[PDB]
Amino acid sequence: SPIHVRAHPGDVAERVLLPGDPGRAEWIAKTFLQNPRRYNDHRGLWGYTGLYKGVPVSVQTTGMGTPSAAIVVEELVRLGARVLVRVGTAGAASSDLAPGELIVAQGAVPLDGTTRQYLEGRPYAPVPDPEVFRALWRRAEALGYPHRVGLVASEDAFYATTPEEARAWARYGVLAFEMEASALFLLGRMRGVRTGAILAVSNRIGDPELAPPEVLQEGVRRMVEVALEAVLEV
């Protein structure tokens, strides 16, 4: 059994949603899945597997940050995951984005050290699996939920990024910051699995707190519905 996600190959489905927060993982399992069963809780990395419209789907907590997420993704692939979609939150890099809005990550600027270590410092363009990406975009459109399609930035130091630095990045196409996408995308290609990422804007860089829980939760629900429908398309 893997060191951190202490499960067994038969526990994980080929399709997996990857929320960073264990509380959201549980909410997803109980709100959307049939016969959900928790296969892991070691290190608080709550992982669940159930059925969504007749198809097996797992929901695995990644923790915060690319180091934590890389560990989970690497072990997930070992356990049999083949399609992995991150469902997280992000901080808007501009007033253009409003809390609750969705972002289908077209690519992720690698401002983290996990992708850097794997790459031995070489340049790279972290992108999701093209099929998964397309399906996430399609579903978001179909459902009609307010969304954007473009770049996010995966960072390591959450409290280091200033509003001024955020504005600067937005000028280069960055819509928001988050802390996991880049490594997921990289590992997708390295391990030969399909990955994708959709995010719900929970606030704007510089803000001392997150948007109203009402706002946030509706955004999360939309995001998860899009991802669940998308993973069944691939």
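In case it trips you up, residue 1 is the first one in the sequence shown, and so on.
Across the other entries compared, at least a third leave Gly206 without coordinates even though the residues on each side are present. Stretches compared: 183 to 191, 49 to 57. Higher mean C-alpha B-factor in the entry: 49 to 57. The PDB entry reports B-factors from which the mean C-alpha value can be compared for 172 to 180 and 197 to 205; the larger average falls on 197 to 205. Out of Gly91, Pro146, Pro126, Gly88, it is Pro146 whose C-alpha atom has the highest B-factor in the PDB entry.
Set against one another, the Cα B-factors of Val83, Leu97, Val73, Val109 in the record reach their highest point at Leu97.
Ranked against the other modelled residues of its chain, the C-alpha B-factor of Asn35 as given in the entry falls in the highest third.
In the PDB entry, a CA B factor belonging to the middle third of its chain's modelled residues is recorded for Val77. In the PDB entry, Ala105 places in the middle third of its chain by CA B-factor.
In the deposited entry, the Cα temperature factor of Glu225 sits in the middle third of values across the chain's modelled residues. In this PDB entry, the Cα temperature factor of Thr115 sits in the middle third of its chain's modelled residues.
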